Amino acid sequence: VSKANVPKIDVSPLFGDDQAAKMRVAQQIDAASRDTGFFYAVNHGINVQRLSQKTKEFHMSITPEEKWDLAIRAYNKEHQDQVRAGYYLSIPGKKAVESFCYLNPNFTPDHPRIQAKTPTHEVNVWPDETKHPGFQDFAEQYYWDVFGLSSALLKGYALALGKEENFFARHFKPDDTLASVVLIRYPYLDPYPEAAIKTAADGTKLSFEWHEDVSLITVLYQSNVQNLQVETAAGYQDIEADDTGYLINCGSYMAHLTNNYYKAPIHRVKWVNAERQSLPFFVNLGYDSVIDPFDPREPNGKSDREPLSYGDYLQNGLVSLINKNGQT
């Protein structure tokens, strides 16, 4: 299997005020988005070793009792409000992966969207503080650290498409973003049950099948164990691991807005028998955010696609992904 072209881009100028330097970064983002659709953001400023250590401390100490008590509705019928946020249990002998998802920390009981019971907005659930000291505070601060990197990346994507730097970022706000963090644990298992291993049409053993992301962009930290593959014209190629950077790609909302100039790359997760972490941040806008679709390949920039509100896109996208590739 050939290695996919995944450039490392120094995104540090996107946090500053050197406009020329920002345009040179935007060009790199444009090139990577038009090629394989993936790049590693380096010089991003986030302490990813600490993220990995705090996540490991949580995954390895949470107990079965706590998992039921934090479980989403798919695993625990008592928790009807938990569609997105909470614990996603493994099923020994059948399903290896397990994870913990949380949303905007500003979705509190008094938030207007929580009061209106608007779909896709939920109040986060957390384990007991005495059992996981400092975890909630760490995780909430991580959300804001990765939100800040994502705002900087969105300035780069906007400039890359010929827009002003706040084109996307003006719709990505702390008070209403639907962005989520998922702390995924992929375990080492001896024996590794065959029921938890899927097989692609090309014979590749997988943990998660081909898909496009449900996001504007996806900002991912993963352990140093190679696992992702991206479909290109030359076939599926391996994305090398880099546990010092963030792997960035576009989701189908970006493909919609750009009339597929920046496609949402199709990718999948190979089966690897290794204890590792996959920690995505899905950059989602607000429920009512609507960006008018355009086409940077057309002289007048017009598109034959209709505006789609982010909330509608997200609710239906998450359900469709579960229908296609299974409840995680």
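Note that the rigid core is defined as the largest set of C-alphas that superpose within 1.5 Å between two forms. Numbering starts at 1 and runs along the sequence shown.
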Return whichever of 229 to 237 or 210 to 218 has the larger RMS Cα deviation from the displayed form in 8 other deposited structures of this protein, where every structure is aligned on the rigid core.
-> 229 to 237
Between 69 to 77 and 100 to 108, name whichever shows the higher mean Cα B factor according to the PDB entry.
-> 69 to 77
Averaging only over Cα atoms, indicate whether 88 to 96 or 186 to 194 has the higher B-factor in the PDB entry.
-> 186 to 194
C-alpha B-factor winner, where the candidates are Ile29, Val42, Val48, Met60 = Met60
Out of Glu212, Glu240, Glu122, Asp137, highest CA B-factor residue | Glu240
Cα B factor band for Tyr221 (lowest, middle or highest third within the chain) | lowest
Comparing against every modelled residue in the chain, figure out the third that the C-alpha B-factor of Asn284 lands in (lowest, middle or highest).
-> lowest
Modelled-residue ranking by C-alpha temperature factor, third containing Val25 = lowest
By the record's CA B-factor, is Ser278 among the lowest, middle or highest third of residues in the chain?
-> lowest
In terms of its chain's C-alpha B-factors, the third that includes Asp176 is the middle
